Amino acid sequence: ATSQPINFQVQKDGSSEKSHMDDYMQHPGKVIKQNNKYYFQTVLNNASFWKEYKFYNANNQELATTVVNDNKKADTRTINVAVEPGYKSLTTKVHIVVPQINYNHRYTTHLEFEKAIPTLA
């Protein structure tokens, strides 16, 4: 596999304002290529809060996600999101539930990469 870091920012639906969700993913992320498949690998923090997450490309196709590291002690989850070179953003739809703080909401957010997913190797 070949990999490199990638900067990204989660923005509110319909605005350039940073979404609160930006704080709940680790920065930077990573692009990895293995056997002709590319992934955006990202770490969800406070993983227990994330009841659902779905990622879509700019053609509104849902992208496969795979959990690769579930760190229960740290309450983080590392996932690989299937991408292709040239993707500039992902629509990221979440359902966040935190019963202890009376919180249960769905959000659509716009995850903007600093540059398009690169070709690697």
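Note that residue numbering begins at 1 and tracks the sequence as displayed.
Identify the stretch, either 69 to 77 or 88 to 96, whose C-alpha atoms have the larger mean B-factor according to the entry. Per the deposited B-factors, the answer is 69 to 77.
Can you pull the Cα B-factors for 26, 46, 59, 41 from the entry and say which is highest? Among 26, 46, 59, 41, the PDB entry lists the largest C-alpha B-factor for 59.
CA B-factor placement of residue 11, once the chain's modelled residues are sorted into thirds: Tercile = lowest for this residue's CA B-factor.
Could you place residue 110 in the lowest, middle or highest third of its chain by Cα temperature factor, using the values in the record? It falls in the bottom third of the chain.
Record-listed C-alpha B factor of residue 102: chain third: For residue 102, whose C-alpha B-factor we compare with every modelled residue in the chain, the answer is the highest third.
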